[PDB]
Protein chains: 2
Amino acid sequence: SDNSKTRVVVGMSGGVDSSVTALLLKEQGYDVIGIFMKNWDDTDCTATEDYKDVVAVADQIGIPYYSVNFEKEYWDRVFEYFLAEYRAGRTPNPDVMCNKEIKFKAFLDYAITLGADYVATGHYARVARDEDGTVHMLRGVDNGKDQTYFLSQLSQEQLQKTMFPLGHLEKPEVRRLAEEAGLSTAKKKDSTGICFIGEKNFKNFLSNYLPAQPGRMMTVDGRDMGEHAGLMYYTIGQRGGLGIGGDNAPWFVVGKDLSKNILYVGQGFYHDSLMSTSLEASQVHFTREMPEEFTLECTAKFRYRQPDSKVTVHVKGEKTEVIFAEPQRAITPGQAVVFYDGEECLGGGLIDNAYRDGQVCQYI
Amino acid sequence: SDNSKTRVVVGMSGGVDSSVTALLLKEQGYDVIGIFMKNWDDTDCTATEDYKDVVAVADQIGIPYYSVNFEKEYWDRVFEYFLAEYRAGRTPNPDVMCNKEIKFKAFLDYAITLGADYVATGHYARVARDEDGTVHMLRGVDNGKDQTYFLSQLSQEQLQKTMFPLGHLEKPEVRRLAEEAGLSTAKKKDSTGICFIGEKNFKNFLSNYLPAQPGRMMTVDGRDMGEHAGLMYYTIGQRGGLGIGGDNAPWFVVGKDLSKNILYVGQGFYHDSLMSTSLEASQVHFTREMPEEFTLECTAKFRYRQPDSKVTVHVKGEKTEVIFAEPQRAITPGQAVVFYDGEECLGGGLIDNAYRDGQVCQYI
Ligand SMILES: C[S@+](CC[C@H](N)C(=O)[O-])C[C@H]1O[C@@H](n2cnc3c(N)ncnc32)[C@H](O)[C@@H]1O
Ligand SMILES: C[S@+](CC[C@H](N)C(=O)[O-])C[C@H]1O[C@@H](n2cnc3c(N)ncnc32)[C@H](O)[C@@H]1O
Ligand SMILES: [Mg+2]
Ligand SMILES: [Mg+2]
């Protein structure tokens, strides 16, 4: 009856992570409520079979479960952001936006109306409380699944009401815990790609919302290489792609020019156009109150699947400058830059533009 | 017709990684042959539907495909190792053994009888050739999927005949490449866990081969906590487990004693029994010719899903000593220790035992 006085609302997606998150919290004696969000209307439906799994699991462990719909909020705060990024020639990170605006804003206020003390999710991340009571976010110990990158926008006030029960676990353990508990989701494979596109063709999906305007593909010396399918189908640094058959060696996307509808391509993983020495970022947000203007010597991640690297960051309110210790490959406008201090995730922003020798890279 | 003179035999498992590995090599003009290994007899069969995918993909890209059976070799060189580890109270890494003895020995010699110049696999790793022509292994750029850890045992002579076409790719890209090529495996989810156990219950699997002898579960101060199911069902550091319901806080496995059939358990992620300051390792193997006796200041990984950490290693032929810069949690006998020099994977061994203050940890 210690933890039984603490109500935790757990986001239950129907996956093995959230199923295990719920089981662990129940086992620790918390007052646990499972909640399924339907945030996307995808009918031939996807949400229907996942809700079945939420129900089967919630019943297996004996917790209440409910179902809430945030289609509107998700559309307005995530999907419009997603589309507007593409219109601007950038590459969005809808998950960052989703955590910031949905999982820890809409869902958190919702959970509070259920008398929740905390929300929990199956994110691979940790929260540590200070002596002072200040909460810090730490990388998940599973350094392949560590989701702090996507949680970079969370505020002190959100982290105060958050729990991450999987934070000290590695993915295979989560599956072992599920199997030993006999949870029906134990063997359920995780959905890949963005939630709302699911297992549908990406080009087809996006073209339902944005007009694709094929344009010209060029090498850096100006030689026309054919037609691309629309710039929003390519990202800085990508190997091959729609109509990139272009020598046997592969071609990469090495720049973009939205204003001429041009895709720049070139050979070599380390193509000189792919290298940067600094960036600017917007929407820079920290996990705690920071000064108006300050310098930081830390590490950063520019993409989810890379190790972090040394960085000087100069913050000045509306814009942030990031200087790389070492040249960086394929720094992508729209993606998240996330700052670390060893195991602590300090916060992050969205990349506006890359620079090499005091001149904006033609990335777009 | 440049690369068309180079024959590459690609290991095709039926998964999206190997499918894409084959497509990329074909696209680059290599003389490509896809080969499926059946190494485990698992009938109600698993191999049957995967071979269908190999065939569908090989036909989609227009390469020849064949099928070879190494059940014997796999049993003898991997599965017996796996079982013998458990009998000895250790935790095996069958993948390390499998790459060393099967994918790059049995399969490589096989491929050579097909006039192969190289074997390729869909491992997330890189090989770089020196000025001198010496090959080094580099981490995959996808730092979550990077498989150098499992490839730590590969010799210079194996790496000379190896290609890793996915080495410069991240997993989501591999899926985008697959989808754009219209490969039937594009949406196919990767199988989790060890190959031969697949989606069957682990406890059930292992008990078909090893007698489980339940024994006593004890805290570090000697208090009997109940019966465990058999020591081979638990690993150093694991949270909960079979019969670990044991306060609301979770219990961890903090040691083992095979000689008394005892499982030691304790509360707290950082339980003092979980911390080590050094280890010894056997089967230490490097990617290049090394001296008989030498010191190395580098980093190491003690488990697949952790970042590497600073380490002094003293090598002396039969045994290797590893001294941690910082105390290490749940150092597990039988697991791989793998050494790095920045992005280079130097080699590795199998952990024999952990030490704290010149005394072997009771891990077993
Ligand atoms: C799998 S998502 C993480 C993927 C991505 N990196 C991100 O941050 O969105 C992590 C957690 O969010 C919560 N979640 C995701 N979808 C949900 C849904 N439809 N309803 C309730 N919770 C959900 C679950 O607790 C889940 O374990
Ligand atoms: C998915 S396995 C990697 C998993 C594990 N970390 C390891 O090293 O074994 C990597 C590659 O091995 C090859 N491979 C695995 N199973 C195979 C099979 N049955 N037949 C042929 N190749 C296989 C494929 O090329 C595959 O992409
Ligand atoms: Mg989940
Ligand atoms: Mg594969």
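Think of each number as a place in line: the chain as shown, counted from 1.
Going by what the header records, the deposited coordinates were determined by X-ray crystallography, 2.4 Å.
Cβ atoms here come from the backbone N, Cα and C positions, even for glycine.
Annotation source Swiss-Prot lists active site, nucleophile at A:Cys98, citing similarity to another entry. Residues or ranges marked as active site, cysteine persulfide intermediate in Swiss-Prot: A:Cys195. Swiss-Prot lists A:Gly11, A:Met12, A:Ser13, A:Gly14, A:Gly15, A:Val16, A:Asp17, A:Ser18, A:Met37, A:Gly122 with the feature ATP binding site. Residues annotated as disulfide bond in Swiss-Prot: A:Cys98-A:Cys195. Annotation comment: Swiss-Prot describes A:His123, A:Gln335 as site 'Interaction with tRNA'.
Recorded features from Swiss-Prot, shown on the structure.
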| residue | record | DSSP class |
| --- | --- | --- |
| A:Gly11 | ATP binding site | strand |
| A:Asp17 | ATP binding site | helix |
| A:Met37 | ATP binding site | strand |
| A:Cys98 | active site, nucleophile | helix |
| A:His123 | site 'Interaction with tRNA' | coil |
| A:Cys195 | active site, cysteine persulfide intermediate | coil |
| A:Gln335 | site 'Interaction with tRNA' | coil |
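Flanking an unmodelled stretch of 4 residues, A:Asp44 and A:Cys45 have Cα atoms 7 Å from one another. Sequence-distant neighbours of A:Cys98 (active site, nucleophile) (same chain, 6+ apart, CB under 8 A from its CB) are A:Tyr74, A:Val78, A:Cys195. In the structure shown, the C-beta of A:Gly11 has more C-beta neighbours within 10 angstroms than that of any other entry among the binding-site residues A:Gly11, A:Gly15. In the shown protein chains, 22 other C-beta atoms lie within 10 A of the C-beta of A:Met37 (ATP binding site). Between A:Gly246 and A:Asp247, the deposited model skips 4 residues, and the Cα atoms of these two flanking residues are 9 Å apart. Residues A:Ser13, A:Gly15, A:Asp17, taken from the recorded positions A:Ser13, A:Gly15, A:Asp17, A:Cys98, A:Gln335, are distinguished by a CB atom under 6 angstroms from ligand 3. In the shown protein chains, 25 other C-beta atoms lie within 10 A of the C-beta of A:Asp17 (ATP binding site). Rounded to a whole value, the Cα-Cα separation of A:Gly15 (ATP binding site) and A:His123 (site 'Interaction with tRNA') is 12 Å. Here the Cα atom of A:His123 (site 'Interaction with tRNA') is found 8 Å from that of A:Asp17 (ATP binding site). Between A:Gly11 (ATP binding site) and A:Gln335 (site 'Interaction with tRNA'), the C-alpha separation comes to 25 Å. Distance from the CA of A:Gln335 (site 'Interaction with tRNA') to the CA of A:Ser13 (ATP binding site) is 25 Å. Spanning the listed ATP site, residues A:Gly11, A:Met12, A:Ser13, A:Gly14, A:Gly15, A:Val16, A:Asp17, A:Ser18, A:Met37, A:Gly122 have a farthest Cα to Cα distance of 16 Å.
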